[PDB]
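There are 2 protein chains.
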Amino acid sequence: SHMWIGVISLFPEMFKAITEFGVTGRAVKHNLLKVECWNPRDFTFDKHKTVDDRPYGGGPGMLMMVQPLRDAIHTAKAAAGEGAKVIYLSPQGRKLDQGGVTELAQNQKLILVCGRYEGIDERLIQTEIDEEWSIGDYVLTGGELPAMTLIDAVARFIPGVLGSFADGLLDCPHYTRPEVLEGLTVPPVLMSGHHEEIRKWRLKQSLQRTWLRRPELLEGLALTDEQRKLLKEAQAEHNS
Amino acid sequence: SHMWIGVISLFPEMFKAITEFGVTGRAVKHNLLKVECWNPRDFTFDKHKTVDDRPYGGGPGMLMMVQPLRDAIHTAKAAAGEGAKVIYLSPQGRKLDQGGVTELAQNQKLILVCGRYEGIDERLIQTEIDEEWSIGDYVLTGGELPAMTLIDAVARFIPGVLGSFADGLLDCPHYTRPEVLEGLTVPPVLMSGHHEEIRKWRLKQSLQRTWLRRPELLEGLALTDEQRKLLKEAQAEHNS
Ligand SMILES: CN1CCN(C(=O)c2nonc2N)CC1
Ligand SMILES: CN1CCN(C(=O)c2nonc2N)CC1
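Chains A and B supply the protein sequences, listed in that same order. Position 186 (the first sequence) corresponds to 258 in the working numbering; numbering is contiguous. Position 127 (the second sequence) corresponds to 199 in the working numbering; numbering is contiguous.
Here it is as structure tokens:
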């Protein structure tokens with residue numbers, strides 16, 4: 073495959089959501105993407121297959137038990153061979169954005185470690201984890217959805233998986249049939265057949281929407297001469 | 073149930089990842105959370121159950137077909153009864169963070185619309201959608217993972233679902249057995265049994281980690297006198 077991703081999770085069946093459906097499911101079926109899961113429960117030795125453990129210092133929660141998680145991680149690393157980057161998903165990690173997705177997608181092999189409970193032993197982060205990433209400033213019940221989100225985002229960069237964050241802007245509005253929907257009409261420019269006017273309209277809309285909704289994103293861009301003009305036009309029309 | 077969430081998706085089986093496993097799976101089994109899915113494919117009438125359509129103005133992609141998606145949304149609204157907030161997930165939406173999660177969790181009913189392809193008709197956003205939310209500044213292959221992420225995050229607020237974004241800080245490091253792991257020891261304070269010293273250590277660590285990794289998050293906080301002191305201590309030790 074073109075991208076291999078090993079996953080360490082207590083709930084490997086969750087990953088069916090991306091390996092059996094849609095664009096990512098096609099990528100897996102066609103061997104463009106391989107997702108391989110190891111479950112720490114399988115690396116336990118006690119009768120009840122214990123995968124959590126009490127935190128030193130007390131507190132209300134549990135942590136993942138070190139030995140089964142450590143052994144799972146080592147097994148995944150052995151399978152991966154040389155060059156796999158090991159990632160732990162958590163809110164203490166580097167915040168993911170499309171630039172970070174493009175960076176992560178440069179890797180042919182990733183191992184994604186999915187925390188549950190209050191998380192994992194800090195010393196495992198020091199000894200086993202290459203990078204810590206966050207999918208956003210909110211708290212989930214485990215790292216599985218973040219891992220699946222990251223897999224989905226990077227899969228879009230694998231050649232053959234697909235058939236305006238290309239340029240750091242929000243997307244333009246899109247329209248399809250019918251021509252009139254609850255009294256709302258499709259902008260006539262889009263039915264004009266004028267490819268250049270349509271391209272410019274779309275770009276102007278993207279600039280307007282970014283300015284109105286996410287103005288901080290514009291400050292991170294070096295706008296082209298054309299983008300500067302269309303943004304000025306959109307701002308003047310807003311003030312009209 | 074305490075929270076009802078209707079979902080509009082071409083891939084309803086993806087939602088098994090949250091309804092059949094872990095904390096969210098328990099919440100569903102115990103009727104604390106209800107997740108109900110409607111698939112636009114079921115609202116088609118042509119032989120091939122067409123759910124996509126061509127965008128006006130051209131371009132490489134497709135959009136969701138209006139009629140089946142609109143009918144699915146209406147059916148979900150009828151099921152929901154009065155007071156359901158309808159949410160479309162996309163990168164053009166309000167960026168989700170834990171504050172936004174706490175806001176969304178105040179709703180007893182939500183309907184989550186999951187886009188595929190290049191998205192949905194802008195006029196459906198105008199006529200059917202109450203709020204647009206984004207789970208982060210990156211692009212996915214559909215709205216299903218964002219929807220599941222949002223469900224998971226809000227489910228944590230339902231009483232009974234659970235057994236440091238409480239205060240806007242990153243989490244402290246956590247440790248569990250064994251006492252020594254690849255030569256790395258557990259901080260002695262955590263094995264002291266001194267509950268107050270442990271609480272203060274944890275808080276100091278959270279302040280230090282937020283300052284080093286996410287300093288912009290500190291500027292949004294009104295630190296307590298205790299937090300100011302511990303942060304000053306951590307900064308002095310860093311400069312020592
Ligand atoms: C223990 N577990 C807690 C929940 N968690 C996250 O909320 C998360 N992961 O990636 N980005 C995030 N935010 C992962 C770790
Ligand atoms: C059409 N579809 C494109 C992909 N998409 C997202 O990336 C997304 N959703 O919520 N936060 C996000 N970022 C949803 C809409």
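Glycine included, every Cβ here is placed at the ideal spot set by N, Cα and C.
- Scanning the segment 111-188 of chain A from its first residue to its last, the whole beta strand (DSSP E) runs of 3-plus residues come out as 157-167 and 181-185.
- By the CB criterion at 9 Å, residue 302 of chain A and residue 284 of chain A fall outside the cutoff.
- For the C-beta of residue 193 of chain B, the chain A residues within less than 8 Å are, from N- to C-terminus, 246, 247, 248 and 253.
- Classified as exposed, residue 312 of chain A has fewer than 16 neighbouring CB atoms from the shown chains inside 10 Å of its CB.
- Annotation: the continuous beta strand (DSSP E) that includes residue 78 of chain B extends over 75-80.
- In the structure shown, the three-state DSSP call for residue 296 of chain B is coil.
- The beta-carbon of residue 307 of chain B is placed no less than 9 Å from the nearest beta-carbon of chain A.
- Under the three-pair Cβ rule at 8 Å, the segment 101-109 of chain B does not count as touching the segment 161-171 of chain B.
- Boundaries for residue 190 of chain A: no alpha helix (DSSP H) harbours it, and the DSSP string shows neither H nor E there.
- Contact between residue 241 of chain A and residue 278 of chain A holds: CB atoms are separated by about 4 Å, below the 8 Å threshold.
- Comparing C-alpha distances from residue 228 of chain B to each of B/175, B/214 and B/205 shows the shortest one belongs to B/175.
- Counting only the Cα atoms, residue 280 of chain B lies some 20 Å from residue 128 of chain A.
- Three or more beta-carbon pairs drawn from the segment 241-251 of chain A and the segment 182-193 of chain B are found closer than 8 Å, and the two stretches are therefore classed as touching.
- Placement of the Cβ of residue 234 of chain B at a distance of 8 Å or more from every heavy atom of ligand 2 is found.
- Neighbours of residue 127 of chain B in chain A, taken as residues whose beta carbon is under 7 Å from its own, are 246, 247 and 248 in chain order.
- Taking the Cβ of residue 209 of chain A as the reference point, at least one heavy atom of ligand 1 falls within a distance shorter than 8 Å.
- For residue 142 of chain B, the closest C-alpha among the options B/199, B/90, B/121 and B/173 is that of B/199.
- The nearest non-hydrogen atom of ligand 2 is less than 8 Å from the C-beta of residue 190 of chain B.
- Interface with chain A (9 Å Cβ-Cβ cutoff): residue 231 of chain B is excluded.
- Under DSSP, residue 109 of chain A shares a beta bridge with A/79.
- A residue is called buried when at least 16 other Cβ atoms come within 10 angstroms of its Cβ; residue 214 of chain B meets this threshold and is buried.
- When beta bridges are read from the DSSP output, residue 206 of chain A appears opposite A/167.
- Taking non-hydrogen atoms of ligand 2 into account, the C-beta of residue 206 of chain B is found less than 8 Å away from one of them.
- For residue 199 of chain B, the chain A residues whose C-beta falls within less than 8 Å of its own C-beta are 253, 254 and 256, listed in chain order.
- By the C-beta density criterion, residue 196 of chain B is buried, having at least 16 other C-beta atoms within 10 angstroms.
- If you look at residue 267 of chain A, you'll find it in the alpha helix (DSSP H) that goes 267-285.
- A distance criterion of 8 Å places the beta-carbon of residue 242 of chain A beyond contact range of ligand 1, judged by its closest non-hydrogen atom.
- Put simply, the CB of residue 237 of chain B is near chain A, with a gap under 9 Å to one of its CB atoms.
- Excluding residues up to 5 positions away in sequence, 179, 182 and 202 lie with their Cβ nearer than 6 Å to the Cβ of residue 157 of chain B in the same chain.
- The beta-carbon of residue 267 of chain A is placed less than 9 Å from the nearest beta-carbon of chain B.
- When C-alpha distances from residue 305 of chain B are compared across B/292, B/293, B/289 and B/273, the shortest belongs to B/273.
- Interface residue (Cβ-Cβ distance to chain B less than 9 Å): residue 159 of chain A is not classified as such.
- Chain order gives the chain A residues near residue 170 of chain B as 209, 210 and 211, where near means a beta carbon separation below 8 Å.
- Not one heavy atom of ligand 1 lies closer than 8 Å to the C-beta of residue 127 of chain A.
- At a cut-off of 8 Å, the beta-carbon of residue 212 of chain B counts as near ligand 2: some heavy atom of the ligand is closer than that.
- Under DSSP, residue 257 of chain B forms a beta bridge with B/252.
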